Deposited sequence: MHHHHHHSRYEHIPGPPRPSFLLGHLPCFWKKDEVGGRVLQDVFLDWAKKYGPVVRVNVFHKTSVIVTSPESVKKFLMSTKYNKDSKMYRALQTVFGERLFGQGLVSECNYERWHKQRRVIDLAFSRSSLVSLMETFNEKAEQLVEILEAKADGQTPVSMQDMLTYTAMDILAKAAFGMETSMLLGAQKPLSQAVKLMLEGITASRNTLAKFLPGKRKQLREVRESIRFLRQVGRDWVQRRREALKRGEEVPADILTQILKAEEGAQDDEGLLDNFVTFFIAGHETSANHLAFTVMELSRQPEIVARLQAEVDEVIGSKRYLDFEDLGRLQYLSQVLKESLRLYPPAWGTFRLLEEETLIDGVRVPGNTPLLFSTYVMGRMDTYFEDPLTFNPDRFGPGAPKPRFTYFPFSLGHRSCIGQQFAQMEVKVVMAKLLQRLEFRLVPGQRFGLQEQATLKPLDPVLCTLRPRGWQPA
């Protein structure tokens, strides 16, 4: 009854219900998420106010679902789910060093190598008949890239290795959203314990390598270890291991899958993308850093994919004191939900919101002002945004260079929600090599 005055109700996901409600009830709406009343805020004025300030911090009660799942510590107090500013700021600044310009440029080989491996696997299946799950294939590529890039490990999922790990990740992701029977609880808990134990194993290996005096290239793991340099235990270290292990591939994978799915019904845009890749990189097997900037139309297409299909759909901030938010009195101690998914699909912010038009992001176009934030905004924006943007460009360019994709009829364009948003179907495609 402290929220009853707030406007709201008395392959389709919860985020679409939020969209319906935002359109019907306005820019500040009372909802239910994780059994706590929150308020969904969809004006750009409020996006700017709350996301662009260090006065407003993440709401720990909303992130509890990431911290622990059915009594098993998952993301814990790692970089995403830490809600105390000062503890967050300490780890952010140390881990930042692994995402410097020069750190990222040195990852171009890993990106090219895994992309080339994926494409060679796909080319062998390109008979215009064999159904290929592009969701699965892109997920394996994202994982292999992340494992190598962040941790110096070879998962070899593209070779069919690590099935138990891919199961662990899948069951864990389902559990996050499920917590919003007996056998599900057992499977979820064991999967989370498995992921942390992988963490312990890889950490010990890294420590052993350093002890024996072997070469260890400075990576995300190096800075994560640095962030914990005199902690009383390894729990903080394991929290970040799991956080980056998951966050570092899941959404890149989803983003790739959504893009391939959408592009399957956009032959004109595909022909333009094929033409750009042919002109910028020709037959080069390897994309250089400077080539990435020249794939301008591809950049625009990936931005438009994220407008309609943001895998990371939202973020929460704690409103501490009663505040007037677009003409609505919102009580203190209230979680505010900001959703780039909802805003992206509102005709108030985007003309013909359901039309896929890369020209929205053209060099002369008016830039969206606080209506588009697939990597969020402000101090809690995605640390891996540029890592992600580079990796998906490399993967997309290499697919476009070499293969034609047709979505198998019956495959749907609808969404599912498992912490993140992702294609409902496995994006089954048949493939042909480019050039007949």
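According to the record, C-alpha coordinates are lacking for deposited residues 1 to 7, 18 to 36, 207 to 215, 472 to 474.
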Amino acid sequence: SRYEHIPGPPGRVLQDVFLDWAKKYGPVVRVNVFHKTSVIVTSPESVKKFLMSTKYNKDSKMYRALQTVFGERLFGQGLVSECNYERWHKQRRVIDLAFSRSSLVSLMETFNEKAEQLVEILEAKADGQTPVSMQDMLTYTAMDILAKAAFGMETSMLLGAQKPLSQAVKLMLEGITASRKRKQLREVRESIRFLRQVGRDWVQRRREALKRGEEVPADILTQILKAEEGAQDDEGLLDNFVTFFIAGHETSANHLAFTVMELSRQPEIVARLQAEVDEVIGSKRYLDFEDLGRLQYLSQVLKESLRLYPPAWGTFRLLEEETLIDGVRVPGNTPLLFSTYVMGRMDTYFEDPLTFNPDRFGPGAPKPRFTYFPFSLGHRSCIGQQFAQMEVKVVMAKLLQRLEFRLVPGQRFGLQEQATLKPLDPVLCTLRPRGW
From here on, numbers count along this sequence of modelled residues.
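Rigid core: the largest C-alpha set superposing within 1.5 Å between the two forms.
After superposing on the rigid core, the larger RMS C-alpha deviation in 9 other deposited structures of this protein belongs to 208 to 216, the other candidate being whichever of 208 to 216 and 117 to 125 remains. When the other structures are laid on the shown form by the core, the C-alphas of 59 to 67 and 28 to 36 differ in how far they drift in 9 other deposited structures of this protein; the larger average drift belongs to 28 to 36. Per the PDB record, of the two stretches 393 to 401 and 29 to 37, 29 to 37 carries the greater mean B-factor over its C-alpha atoms.
Mean CA B-factor, 409 to 417 versus 12 to 20: the higher value falls on 12 to 20. The PDB entry assigns its highest CA temperature factor, among 132, 124, 143, 185, to 185. Between the residues 334, 340, 156, 357, the entry's highest C-alpha temperature factor is the one at 156. Annotation for residue 211: CA B-factor lies in the highest third of the chain's modelled residues.
Ranked within its chain, residue 381 lands in the lowest third, by CA B factor from the PDB record. When all modelled residues of the chain are sorted by CA temperature factor, residue 72 is found within the lowest third. Sort the modelled residues of the chain by CA B factor and residue 50 lands in the lowest third.
Among the modelled residues of its chain, residue 261 has a C-alpha B-factor that falls in the middle third, as given in the PDB entry.
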